[PDB]
Amino acid sequence: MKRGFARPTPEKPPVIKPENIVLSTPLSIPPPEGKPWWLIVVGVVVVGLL
Amino acid sequence: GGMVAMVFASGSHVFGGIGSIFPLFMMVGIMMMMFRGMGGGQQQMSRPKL
């Protein structure tokens, strides 16, 4: 002998929420600017030699 | 040259012999800056970038 059991309408499951995400584009390296260091080196010598 | 001549006319004669090396080295240094030197933004192709 067994106990009776009636299945009701299933209870509401927790809702899943999908998502669409686009990644940020990386940074770009600063290109190689160059100073004429030697020019000022001659400069300080000339004003000094004076 | 005007400075040296003024000193020569005044009679110091300090620039005689090896003393002359100072005007000589200076005159070469000024020449390096004015004739070759380095360019501005109009000459984009500077050695380090090319």
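Protein sequences, first through last, are from chains D and G.
Here the first sequence is numbered in our numbering, starting from 29 and rising by one per residue.
Here the second sequence is numbered in our numbering, starting from 813 and rising by one per residue.
We put the CB at the ideal spot given by N, CA and C, even for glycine.
For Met850 (chain G), collect the residues of the same chain with a Cβ closer than 8 Å to its Cβ; drop the 5 residues on either side in sequence, then sort them by chain order.
Numbered from its first residue, the second sequence carries residue 850 (chain G) at position 38. Here the set comprises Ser858.
Would you tell me roughly how many angstroms separate the C-alpha atoms of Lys63 (chain D) and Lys861 (chain G), rounded to the nearest one?
Position 35 of the first sequence, counted from the first residue, corresponds to residue 63 (chain D). Position 49 of the second sequence, counted from the first residue, corresponds to residue 861 (chain G). If you take the alpha carbons of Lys63 (chain D) and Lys861 (chain G), they lie about 11 Å apart.
Counting only beta-carbon separations shorter than 8 Å, does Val69 (chain D) have a partner in chain G?
Position 41 of the first sequence holds residue 69 (chain D). With 8 Å as the cut-off, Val69 (chain D) does not count as an interface residue toward chain G.
Can you confirm whether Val73 (chain D), when its beta carbon is compared against all beta carbons of chain G, has any partner nearer than 8 Å?
Position 45 of the first sequence, counted from the start, is the residue given in the question as residue 73 (chain D). Closer than 8 Å to some Cβ of chain G, the Cβ of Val73 (chain D) qualifies, so yes.
Within 8 Å of chain G by C-beta, residues of the segment 37–70 of chain D in sequence order
Flagged, chain order: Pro60, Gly62, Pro64, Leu67 and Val70.
Just reading off the alpha helix (DSSP H) that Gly841 (chain G) is part of, what are its end residues?
As a first step, residue 841 (chain G) is located in the second sequence; it is residue number 29 there, counting from the start. In the DSSP assignment, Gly841 (chain G) falls within the unbroken alpha helix (DSSP H) covering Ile833 to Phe847.
Endpoints, the alpha helix (DSSP H) within which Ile68 (chain D) is located
Residue numbering aside, residue 68 (chain D) sits at position 40 when the first sequence is read from its first letter. Boundaries of the alpha helix (DSSP H) harbouring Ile68 (chain D): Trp65 to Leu77, taken from the DSSP string.
Step through the CB atoms of chain D and report whether any lies within less than 8 Å of the CB of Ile830 (chain G).
Your numbering for residue 830 (chain G) matches position 18 in the second sequence. So, not an interface residue.
In this structure, does DSSP put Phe33 (chain D) in helix, strand or coil?
The count along the first sequence starts at 1 and reaches residue 33 (chain D) at position 5. When DSSP states are grouped into helix, strand and coil, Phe33 (chain D) belongs to the coil group.
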